[PDB]
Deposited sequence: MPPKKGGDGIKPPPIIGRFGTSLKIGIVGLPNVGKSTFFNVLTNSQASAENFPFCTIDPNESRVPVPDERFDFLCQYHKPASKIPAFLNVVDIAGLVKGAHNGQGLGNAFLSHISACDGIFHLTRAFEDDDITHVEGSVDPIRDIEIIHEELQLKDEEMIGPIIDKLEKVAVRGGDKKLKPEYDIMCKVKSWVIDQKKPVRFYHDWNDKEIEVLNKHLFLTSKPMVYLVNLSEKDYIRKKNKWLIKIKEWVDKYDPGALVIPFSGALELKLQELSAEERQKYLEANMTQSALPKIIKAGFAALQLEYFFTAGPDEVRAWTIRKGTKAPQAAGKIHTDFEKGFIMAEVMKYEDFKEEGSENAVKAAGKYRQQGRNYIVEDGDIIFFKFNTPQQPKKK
């Protein structure tokens, strides 16, 4: 479903006084959006290996909804939801936020019947299907769709068609000691009512102390308490939820993550670098990260028969290290 292309955004969503600003602040460290580097082990490896002038990873765009009803205006203006949540208290809360979003959808589906009711034509067929489904359920819970259906769906970008990742905000203590009444029940719920949904705990407090403390004391802190920042796992969760991923260009001058959508084929992949490449492109030279690491160098990868040469019909895969060729 969703918008076309790679210019997506994920939105920070939940009730007030639940850590939104903190959560936003920590990511940062436009005042309502920020781009955050995605952390990646591969990237680091490639970068250490080539020691390039220029290092450029992928980024997540995250929106700290400032502006409900106007609130939902901005949600429709995002491509998925970071459902933030505090730790009855968080389950009532989850049911609420789901309630609003489902109700904003029916409320918009109304006129979409009205205006369509004069059959001048095949679209009318499918909107019923949707309404029928959204007078039960969220759009996304229907894992069966088609080209005709997605077209129409994408016309209105319903709130319940956006994907969702649950973030449970916690006291320093519960994250660290790794047990919390609510996370159990939330996970119970998510399994019952949103199967597959990611639930990721974290502590805004904790994360913010870590911003303040010196990389030295910082490390002493994370050593002492046998714990980790939760952020990297959340940034990746967001990116993954947007259906984004990337490929690499590594060489002595630059290593770079190039964000793409699942299914992007090599010519559109190359067009990210320069738009003449979508047409101008005869093949892509691909090395999987695994092989480059194992074999230990490009000539080793080549010598071992693993430096594959894909044509114009190749779906780039996440992690591919690619030299694109033209003319």
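Q: Could you give the ranges of the deposited sequence that carry no C-alpha coordinates?
A: Sequence ranges with no C-alpha atoms are 1-15, 45-57, 96-106, 127-138, 172-179, 196-197, 389-396.
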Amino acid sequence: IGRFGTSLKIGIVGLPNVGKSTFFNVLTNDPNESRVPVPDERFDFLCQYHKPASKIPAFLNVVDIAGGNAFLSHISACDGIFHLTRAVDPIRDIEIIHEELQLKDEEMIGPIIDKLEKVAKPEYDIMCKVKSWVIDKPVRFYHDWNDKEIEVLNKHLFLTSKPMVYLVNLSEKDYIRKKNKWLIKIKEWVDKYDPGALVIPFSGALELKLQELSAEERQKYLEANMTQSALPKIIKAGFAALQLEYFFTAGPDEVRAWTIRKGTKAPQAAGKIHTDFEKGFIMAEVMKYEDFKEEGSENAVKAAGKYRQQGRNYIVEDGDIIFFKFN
From here on, numbers count along this sequence of modelled residues.
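Q: With respect to the recorded C-alpha B factors, which stretch has the higher mean value, 107-115 or 91-99?
A: Result: 107-115.
Q: In the PDB record, does 243-251 or 211-219 carry the higher mean Cα temperature factor?
A: Mean C-alpha B-factor is greater for 211-219.
Q: Name the one of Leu231, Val134, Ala257, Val199 with the greatest CA B-factor according to the PDB entry.
A: The record points to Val134.
Q: According to the deposited entry, which of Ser54, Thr264, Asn299, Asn29 has the largest Cα B-factor?
A: Highest CA B-factor of the listed options: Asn29.
Q: Determine, from the deposited record, the chain-internal third of the Cα B-factor for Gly238: lowest, middle or highest.
A: Tercile = lowest for this residue's CA B-factor.
Q: With respect to C-alpha B-factor, does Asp44 fall in the lowest, middle or highest third of the chain as deposited?
A: Answer is middle: the recorded C-alpha B-factor places it there.
Q: Place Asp64 in the lowest, middle or highest third of its chain's C-alpha B-factors, as listed in the PDB entry.
A: It falls in the middle third of the chain.
Q: Going by what the PDB entry lists, where does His83 fall on CA B-factor within its chain: lowest, middle or highest third?
A: Tercile = lowest for this residue's CA B-factor.
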